[PDB]
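Peer 1: Protein chains in written order, with PDB author numbering: chain K, 10 to 46; chain A, 10 to 344; chain F, 8 to 45; chain E, 8 to 84; chain I, 1 to 35; chain C, 14 to 461; chain y, 19 to 46; chain M, 1 to 34; chain D, 13 to 352; chain T, 1 to 30.
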Amino acid sequence: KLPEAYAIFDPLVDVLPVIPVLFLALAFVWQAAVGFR
Amino acid sequence: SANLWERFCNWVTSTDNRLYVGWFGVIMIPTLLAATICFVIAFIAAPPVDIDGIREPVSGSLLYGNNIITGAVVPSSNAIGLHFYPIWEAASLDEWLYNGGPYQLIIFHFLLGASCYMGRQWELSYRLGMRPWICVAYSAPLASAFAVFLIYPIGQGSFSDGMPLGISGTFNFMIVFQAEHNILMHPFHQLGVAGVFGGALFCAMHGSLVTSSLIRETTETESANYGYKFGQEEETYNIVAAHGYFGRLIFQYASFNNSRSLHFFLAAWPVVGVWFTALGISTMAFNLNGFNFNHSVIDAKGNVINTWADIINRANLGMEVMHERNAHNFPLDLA
Amino acid sequence: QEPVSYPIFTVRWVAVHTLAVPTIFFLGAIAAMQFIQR
Amino acid sequence: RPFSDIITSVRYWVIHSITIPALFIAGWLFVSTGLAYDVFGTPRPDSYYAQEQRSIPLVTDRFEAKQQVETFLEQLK
Amino acid sequence: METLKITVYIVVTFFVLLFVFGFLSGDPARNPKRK
Amino acid sequence: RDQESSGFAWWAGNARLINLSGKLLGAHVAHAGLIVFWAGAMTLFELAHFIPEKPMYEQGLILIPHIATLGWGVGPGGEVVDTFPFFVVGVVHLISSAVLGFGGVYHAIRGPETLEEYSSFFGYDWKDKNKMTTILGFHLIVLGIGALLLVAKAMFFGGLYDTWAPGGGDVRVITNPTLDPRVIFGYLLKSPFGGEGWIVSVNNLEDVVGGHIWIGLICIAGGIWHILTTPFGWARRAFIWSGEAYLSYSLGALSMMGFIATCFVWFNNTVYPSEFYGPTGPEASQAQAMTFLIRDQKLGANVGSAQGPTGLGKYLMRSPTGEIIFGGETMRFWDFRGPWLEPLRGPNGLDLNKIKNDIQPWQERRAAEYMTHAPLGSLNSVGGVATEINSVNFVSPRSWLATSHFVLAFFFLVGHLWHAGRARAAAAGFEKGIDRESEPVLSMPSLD
Amino acid sequence: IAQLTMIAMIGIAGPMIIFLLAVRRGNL
Amino acid sequence: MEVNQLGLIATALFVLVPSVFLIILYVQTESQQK
Amino acid sequence: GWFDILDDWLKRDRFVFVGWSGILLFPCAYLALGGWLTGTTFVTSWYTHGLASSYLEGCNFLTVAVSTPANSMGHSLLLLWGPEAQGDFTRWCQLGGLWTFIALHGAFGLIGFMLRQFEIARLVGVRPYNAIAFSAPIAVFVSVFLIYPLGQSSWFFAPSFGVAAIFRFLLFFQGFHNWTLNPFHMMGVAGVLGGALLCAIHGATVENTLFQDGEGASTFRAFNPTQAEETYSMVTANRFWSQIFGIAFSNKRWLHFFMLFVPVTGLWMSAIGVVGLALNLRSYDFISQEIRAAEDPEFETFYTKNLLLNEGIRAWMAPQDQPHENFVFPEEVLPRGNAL
Amino acid sequence: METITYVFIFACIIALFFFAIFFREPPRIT
Ligand code: CLA
Ligand code: CLA
Ligand code: CLA
Ligand code: CLA
Ligand code: CLA
Ligand code: CLA
Ligand SMILES: CC(C)=CCC/C(C)=C/CC/C(C)=C/CC/C(C)=C/CC/C(C)=C/CC/C(C)=C/CC/C(C)=C/CC/C(C)=C/CC/C(C)=C/CC1=CC(=O)C(C)=C(C)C1=O
Ligand SMILES: CCCCCCCCCCCCCCCCCC(=O)OC[C@H](CO[C@@H]1O[C@H](CO)[C@H](O)[C@H](O)[C@H]1O)OC(=O)CCCCCCCCCCCCCCCCC
Ligand SMILES: CC1=C(/C=C/C(C)=C/C=C/C(C)=C/C=C/C=C(C)/C=C/C=C(C)/C=C/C2=C(C)CCCC2(C)C)C(C)(C)CCC1
Ligand SMILES: CC1=C(/C=C/C(C)=C/C=C/C(C)=C/C=C/C=C(C)/C=C/C=C(C)/C=C/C2=C(C)CCCC2(C)C)C(C)(C)CCC1
Ligand SMILES: CC1=C(/C=C/C(C)=C/C=C/C(C)=C/C=C/C=C(C)/C=C/C=C(C)/C=C/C2=C(C)CCCC2(C)C)C(C)(C)CCC1
Ligand SMILES: [Cl-]
Ligand SMILES: [Fe+3]
Ligand SMILES: [Mn+2]
């Protein structure tokens with residue numbers, strides 16, 4: 010699957026693809042924190 | 010004097026015409042006139058059409074013994090496929106009609122013209138110095154018309170699997186569609202019906218709330234509608250009364266108080282809904298089907314217990330077995 | 008708003024509390040159903 | 008009156024963090040001890056059939072409906 | 001049936017040419033404001 | 014600036030960047046990082062689950078096949094012999110993403126918010142026509158260089174996976190691409206309707222690499238052209254020069270490209286192979302038919318003159334022209350050309366004699382494996398239509414790509430409608446509503 | 019040995035950046 | 001096939017008598033004044 | 013005395029109003045909702061049809077229902093204290109007592125809301141058009157959930173509260189009555205799509221003829237709730253629409269009344285349609301077509317395809333959809349397309 | 001017999017469109 014040395018980071022690799030959607034959520038977090046200008 | 014081009018070009022864009030006709034119009038009008046002629050003639054005096062390419066014609070013409078409900082323009086043949094099939098690619102007009110010729114002839118012009126109509130709405134709004142995006146709202150029925158007449162044929166791979174141009178034929182289309190893909194368990198079709206039911210609902214309650222708040226300029230022998238004299242500078246009801254009515258009905262926070270928000274929302278709900286179901290048909294053309302639950306409840310003996318989804322699957326199997334005259338043997342199909 | 012001569016529990020009190028205890032009791036029961044083997 | 012006034016007062020926490028876990032646990036224990044199966048009489052997934060009655064139970068009279076279903080539950084189906 | 005191909009092509013071509021020449025002909029100042 | 018002194022609510026916030034160049038630059042060079050990040054992250058995620066002796070289309074890989082088409086990590090017949098190119102492509106994209114994002118956060122918060130006072134070559138104006146044509150010229154040149162990279166891969170660096178090679182596909186090097194404009198522009202004169210087909214109708218990699226040379230150099234010449242030229246009068250009277258008009262045109266372009274892409278990925282099988290993505294739409298029907306014929310022929314039945322329970326053939330039929338094609342409802346597909354089906358096609362459709370004696374093993378097993386794996390499935394990924402039971406799970410990669418790019422294209426069309434309307438209305442100046450005192454209709458003759 | 023330690027950390031990574039700029043008051 | 005000649009009379013009266021009702025109502029009020 | 017006290021404590025202004033209608037509305041509505049929520053959660057339908065329809069049995073949210081009573085109950089209401097459960101709660105749950113419970117209590121909750129709308133309108137001092145408009149869903153409710161099973165032999169053929177159970181109703185109606193080919197349903201569908209058509213277009217026209225009164229591109233902030241000056245150019249809307257389509261409103265009062273009129277009438281005409289099916293009077297055939305398809309066997313129309321399909325729906329759904337008949341059909345008498 | 005009744009009604013509906021558009025009652029501002 011992944012070379013045997015990096016195999017330890019098999020969970021780290023599984024959590025990579027959902028990092029993009031979070032940016033769009035963070036932008037709403039940001040906006041509510043400054044109280045919506 | 011000025012030369013014929015300048016005269017023509019301001020005759021076209023004339024916004025003092027009784028009816029606008031743009032640069033989109035000069036290409037809209039022939040295509041739709043042709044569409045109208047071919048529909049009126051073909052619904053009435055067409056010969057029967059071999060649609061299954063194994064020599065069983067279907068009559069859809071009134072003159073060969075149909076009424077309004079059963080009549081239709083019968084789709085192009087399974088043998089013809091996705092081919093371009095005009096009058097001059099046939100050996101004779103006789104066999105062009107035999108292969109469901111007029112069906113292609115109505116729909117290409119009609120889809121083209123319906124887009125040119127979308128263009129014309131923008132042009133008239135641009136000439137009247139008013140805001141655009143009535144044309145953005147027109148993209149919803151238009152995209153559903155495309156999906157049903159052009160995308161779903163490409164996807165299934167022939168124009169025989171189009172929707173015939175008629176009432177009972179439309180019903181035939183729905184019933185075979187449900188059997189072969191189960192559209193009711195597709196979440197997108199569920200948002201489409203929500204948008205239509207909610208759209209109809211918001212129309213009714215909007216109508217009642219505004220007509221119940223109208224001012225007194227009338228009497229009780231002349232209709233209420235002669236309170237508006239055309240193009241008043243005085244809005245013809247009191248928003249805070251309706252708001253105060255709605256605000257006791259559900260609550261104070263469940264009642265809009267900005268007519269501009271209310272009307273934006275009034276326009277936004279069904280349009281998003283209709284997009285979603287139009288796309289739903291379009292993805293089913295590539296054969297991304299509704300959810301299918303076979304036996305969600307099984308016990309310890311390992312024997313199944315039915316669900317309502319199973320009763321629906323029995324019906325689907327019934328319809329689908331009837332829509333296959335092509336053989337008894339069909340193992341993994343479509344298409 | 009809910010009255011200003013203030014009965015000890017008002018009308019809002021029963022409205023939130025007929026919809027508070029069943030849904031807490033229900034999403035504790037529905038969650039337990041998930042861990043039934045079947 | 009706004010939720011802001013409700014989300015802060017200590018008496019709100021001193022009732023709630025005490026009542027809600029009891030309700031959560033009452034709701035959990037209600038299904039997990041199998042009591043929901045007896046008070047609603049819903050079958051367990053080893054009691055839909057029996058080894059002498061391999062068809063669906065069906066009520067066919069409406070004044071002995073009670074007795075008919077009690078017969079099906081008495082024979083361990 | 002061969003004449004039919006040619007006269008349909010000519011008609012179609014005539015309309016699409018009016019269209020393009022019409023949109024090259026001074027359309028962004030046909031608005032009632034800022035002409 | 015950054016409150017309601019700008020003329021946009023929070024849900025239109027990105028529109029406050031129409032007149033700030035640096036803040037806008039930071040926004041885009043930061044977003045590029047996301048596209049790259051997903052490329053790398055997704056192929057690493059796919060590879061962590063990849064079984065490299067199981068065909069790619071039955072496990073959901075949709076980024077490894079693009080690399081496989083370039084003939085990296087594959088042997089003959091489309092098997093994996095080593096998995097290193099997958100890892101290195103993914104990890105180097107994921108690493109370069111950071112470098113992009115770093116430039117993002119810097120130009121957005123630390124950089125000058127206006128680049129016209131800072132630089133006069135990164136200083137630009139949407140109403141300055143010359144700057145736009147020069148930037149467009151740069152961008153055409155880096156796209157021209159980008160188009161010649163594939164030609165390099167084709168001719169020097171081990172070529173591409175040719176699926177038309179003898180005995181199933183094999184990686185083959187192009188040693189002679191067409192440089193013949195006749196053939197090249199001939200594709201653009203074909204009818205889009207079935208039977209013929211537009212640029213989608215490509216059937217060999219010589220035309221592909223040849224056309225890549227052609228488009229590359231027309232855009233290097235055009236890119237050089239827009240640095241050394243100022244737009245003309247009729248060109249200036251045909252347009253609205255506004256920072257939003259360019260966006261409208263580009264949305265129009267992207268929606269057209271999505272419609273074309275979803276047509277490609279559904280029908281072609283030269284640039285989207287049949288050994289890395291599943292069979293195509295007609296390919297499974299034709300396969301079912303072909304393996305049925307082969308099965309029933311071994312019983313010694315007459316299949317060559319066999320008439321149906323509605324007549325007109327039982328295994329084979331006549332097309333309109335008179336070629337021998339497949340019967341039943343496989344009579345709407347005979348525009349299908351497969352690599353595996355073509356050695357059997359005579360001079361006018363299939364020749365039943367070639368069927369009896371010239372069956373090679375890989376052909377009949379290709380036909381048999383493709384029969385039970387036809388583009389269908391549901392949105393919770395289990396094979397078949399709504400009558401059959403959940404016991405096999407299939408969703409062609411073709412359907413995922415087709416459905417996604419279709420709905421994104423429809424939405425990019427309606428976005429082009431929106432932004433064209435805004436740009437046109439804002440130009441003339443009634444996009445904030447209709448001025449009270451004077452209105453057009455109050456100065457226009459009343460219809461009767 | 020835990021590797022769930024970074025899946026813990028990586029979900030709070032975002033708002034911690036904003037939380038501190040709201041402690042250090044300036045440019046949210 | 002069949003056409004029903006009482007069904008003919010059925011439509012004929014259905015579309016006549018109200019169109020005639022409406023055309024008289026519209027004509028007498030327009031024939032009067034201011 | 014005490015009456016006018018009970019009056020002004022009820023009719024007082026509060027975050028949410030109660031009134032005399034509150035006394036009928038709130039218990040009935042709350043019990044009906046609550047019943048459905050416990051029925052979808054714990055209650056089986058295995059002693060009635062041979063289905064599972066609850067989370068306790070393992071069904072998801074797309075396949076649960078509070079299912080109808082059994083066929084042998086007739087049209088009995090099945091009261092808890094009555095001589096079909098005799099003071100017993102468990103059997104009462106098994107025999108489908110919750111369906112009727114929910115149906116009756118929801119039927120009174122509808123009357124409560126209807127009355128509530130009248131009362132709030134009489135209080136605020138506006139016309140009661142919203143209550144007249146709200147009689148269309150009650151017409152539909154009592155025509156589909158009450159009159160239709162009372163025309164048949166039991167509650168068993170009524171729709172069960174649940175999404176898939178309503179889907180099965182759609183297929184049942186199509187299969188046995190050919191419901192789309194009845195003109196009252198045509199009129200209802202038209203009325204409802206026309207309501208939806210008017211919604212999108214009216215919103216789009218008002219929102220795209222707004223005056224300039226703001227400073228930002230968004231015009232949502234240029235509105236004050238007062239009616240002193242007009243908020244959209246009606247004249248412009250009329251001039252636009254009379255030119256692109258040919259006819260236009262030039263009377264707001266009439267436009268809003270047309271909006272009220274189209275879907276409420278649609279639903280009323282459809283209610284007349286489903287009470288027509290309760291006697292099994294159903295538009296299903298045109299006799300001219302049968303005699304023609306009898307004398308000529310190579311005549312085909314889409315209508316004949318629809319009747320063959322109706323055969324398929326019925327013959328294949330009947331076994332598990334009518335278990336109380338204990339139907340058994342051999343595998344050789346089921347209808348098949350390929351046998352034609 | 002049946003076809004005539006149908007087409008006569010369709011013919012009446014399109015004539016009504018023409019009359020309704022080009023011979024309307026003219027809406028006029030006050
Ligand atoms: C692709 C390029 C592109 C670019 C660069 C722009 C740029 C812009 N647009 Mg445009 N637009 C586009 C495409 C594009 N658009 C398309 C395709 C459409 C059709 C929908 C639109 C429709 C549109 C409208 C209607 C408007 C704009 C507006 C704007 C401006 C402000 C936008 C803003 O702040 O939103 C901030 C964005 C949000 C608050 C949206 C958040 C969405 C969330 C919560 C959920 C997203 C879910 C996702 C779609 C589904 C998949 C999720 C996944 C996790 C599985 C900005 C200049 C505005 C303007 O001023 O226009 C002139 C305005 O009114 N745009
Ligand atoms: C990929 C999406 C995207 C991008 C690239 C941007 C970019 C930007 N937006 Mg937009 N926006 C977006 C989505 C996005 N936005 C969406 C979906 C919405 C809807 C809510 C908005 C709503 C919105 C509004 C209302 C406004 C902006 C504004 C801005 C600018 C803010 C600059 C600033 O001071 O930030 C300050 C912010 C921070 C200090 C906190 C965020 C921290 C950042 C920079 C990093 C986070 C990611 C990560 C951990 C960094 C790793 C770095 C590593 C590689 C080394 C900036 C150029 C503003 C603007 O136009 O002003 C002129 C403004 O008022 N945006
Ligand atoms: C692609 C988008 C892009 C653009 C348009 C810019 C534009 C700019 N950047 Mg940025 N930058 C980017 C991406 C980008 N950057 C990325 C990805 C990062 C992370 C590495 C950075 C990080 C960065 C920083 C931190 C700084 C800049 C600076 C500059 C400014 C330089 C002014 C000058 O006189 O330069 C004159 C220099 C040149 C003309 C030559 C540059 C050669 C280098 C550095 C790169 C070459 C790359 C590649 C090999 C080119 C191949 C071309 C090929 C066709 C043959 C300019 C406005 C500085 C500035 O003042 O910004 C305001 C500053 O502080 N850049
Ligand atoms: C002086 C010339 C010049 C050059 C050469 C470039 C070069 C580039 N600009 Mg550009 N730019 C310029 C001036 C210039 N800029 C000016 C004056 C402005 C106005 C401020 C901008 C504003 C601008 C913006 C806003 C953007 C670009 C983008 C791009 C990139 C396009 C990538 C691409 O097409 O992806 C497809 C890929 C290819 C065709 C392959 C490229 C192969 C070559 C030629 C380069 C590869 C090596 C190089 C170091 C880059 C590596 C990228 C990495 C992520 C892998 C490219 C690196 C965009 C971008 O991607 O930035 C992140 C973007 O959003 N430009
Ligand atoms: C792809 C990106 C791109 C973009 C955005 C532009 C943008 C522009 N270019 Mg340009 N150009 C490009 C690439 C690009 N160019 C390349 C790569 C070449 C080299 C081959 C050229 C060669 C070129 C020339 C020769 C000229 C421009 C000019 C212009 C301006 C045209 C103004 C106008 O209204 O034309 C509108 C044009 C038309 C309406 C005629 C179109 C005729 C054709 C191509 C199609 C007709 C429609 C037909 C039905 C389509 C059938 C397709 C079929 C296959 C189905 C505009 C600023 C002009 C200018 O002022 O430059 C400064 C100018 O003289 N360009
Ligand atoms: C105001 C709200 C209200 C209303 C209208 C009803 C209405 C109804 N309930 Mg319900 N119920 C309610 C509140 C309400 N309930 C509450 C709060 C609870 C929880 C305690 C229940 C719990 C309940 C259960 C468990 C059930 C019902 C059932 C029923 C139905 C059966 C008939 C019945 O009991 O009528 C209610 C009223 C009466 C029977 C009698 C009223 C008598 C009055 C007005 C005067 C009597 C005068 C005098 C003493 C007569 C003397 C005669 C003598 C001289 C011979 C009916 C639709 C059953 C049902 O739906 O089955 C399908 C059922 O299962 N009820
Ligand atoms: C050979 C041929 C051609 C044969 C014919 C084939 C064929 C199928 C014929 C059709 C006959 C057929 C079978 C009919 C069946 C159904 C039928 C009889 C239905 C009528 C009965 C019915 C349902 C009654 C109750 C419900 C009802 C009234 C429904 C009507 C729905 C409907 C279509 C409504 C109209 C919608 C519509 C397009 C409105 C546009 C309004 C408009 C001009 C708005 C613009 C506008 C908006 C503004 O906001 C403002 C401000 C202004 C100013 C303004 O202007
Ligand atoms: C009923 C619907 C009417 C709608 C009316 C309104 C809209 C339409 C308006 C336009 C209508 C008229 C369009 C023009 C019709 C042209 C006549 C026509 O079809 O004739 C061509 C038709 C074709 O005849 C067709 O032939 C077929 C076999 O090929 C089949 O038999 C067809 O059934 C038969 O229709 O022939 C005739 O009408 C008789 C022979 C005429 C010979 C003289 C023709 C002109 C000769 C010089 C030009 C030759 C051009 C081709 C060669 C180019 C050089 C190589
Ligand atoms: C502006 C803004 C924004 C946005 C932003 C963005 C868009 C950004 C992005 C950026 C980016 C785009 C970033 C990224 C990052 C990344 C990184 C930093 C990475 C790292 C990595 C590494 C280091 C690697 C490692 C490894 C290896 C090497 C191998 C194996 C595996 C592993 C993984 C372990 C928001 C809206 C929010 C807010 C407002 C403002
Ligand atoms: C062979 C081949 C190839 C290539 C090809 C090519 C060579 C292409 C080309 C391309 C092209 C060649 C394209 C084109 C396009 C075009 C367009 C898209 C259009 C334009 C125009 C316009 C858009 C216009 C507009 C207008 C009008 C019309 C009117 C007036 C005004 C205006 C301006 C508005 C490839 C690679 C695939 C590979 C394989 C094969
Ligand atoms: C039967 C009966 C009765 C009654 C009872 C009751 C009244 C009950 C109630 C109950 C209840 C009252 C319940 C409730 C529950 C709840 C639930 C079931 C909920 C759910 C929720 C959810 C599921 C959520 C979701 C969401 C949302 C909403 C938003 C967004 C986010 C989310 C998605 C998360 C009586 C005793 C009289 C008698 C006997 C019989
Ligand atoms: Cl069929
Ligand atoms: Fe309105
Ligand atoms: Mn089909």
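Beta carbons are placed, not taken as given, at the ideal position from N, Cα and C, and that holds for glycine.
I want to verify the contact list: residues of chain C whose CB lies under 9 Å from the CB of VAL22/K, in sequence order.
Peer 2: Walking along the first sequence from the start, residue 22/K turns up at place 13. Simply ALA54, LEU57, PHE58, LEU60 and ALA61.
Peer 1: Check each residue of the stretch 91-103 of chain A: if its Cβ is closer than 7 Å to any Cβ of chain I, include it; give the result in chain order.
Peer 2: The stretch 91-103 of chain A vs chain I, Cβ under 7 Å: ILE96 and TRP97.
Peer 1: Please list the partners that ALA336/A has in chain C, where partner means a Cβ-to-Cβ separation under 7 Å.
Peer 2: On the second sequence, position 327 is the one that residue 336/A refers to. Ordered by position in chain C, the residues that pass the 7 Å Cβ test against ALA336/A are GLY341.
Peer 1: Give the C-beta separation of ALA188/A and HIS332/A to the nearest angstrom, bearing in mind that I take them to be a contact with Cβ-Cβ under 8 Å.
Peer 2: Taking the second sequence and counting its residues from 1, the one referred to as residue 188/A is at position 179. Taking the second sequence and counting its residues from 1, the one referred to as residue 332/A is at position 323. 6 Å between Cβ atoms; contact.
Peer 1: From the beta carbon of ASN26/A, is the nearest beta carbon of chain T less than 8 Å away?
Peer 2: As a working note, residue 26/A is residue 17 in the second sequence. Answer no: the Cβ-Cβ gap between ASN26/A and chain T never drops below 8 Å.
Peer 1: Any chance you could list the alpha helix (DSSP H) runs of at least 4 consecutive residues sitting entirely within the stretch 52-115 of chain A, in chain order?
Peer 2: DSSP runs (the alpha helix (DSSP H)) wholly in the stretch 52-115 of chain A: 102-107.
Peer 1: Grouping DSSP H, G and I as helix and E and B as strand, with all else coil, what is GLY150/C?
Peer 2: The sequence position of residue 150/C within the sixth sequence is 137, counting from 1. Helix, per DSSP.
Peer 1: Between the alpha carbons of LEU291/D and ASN247/A, how many angstroms are there, rounded?
Peer 2: The residue labelled residue 291/D in the question sits at position 279 within the ninth sequence. The residue labelled residue 247/A in the question sits at position 238 within the second sequence. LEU291/D and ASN247/A: Cα-Cα distance of roughly 48 Å.
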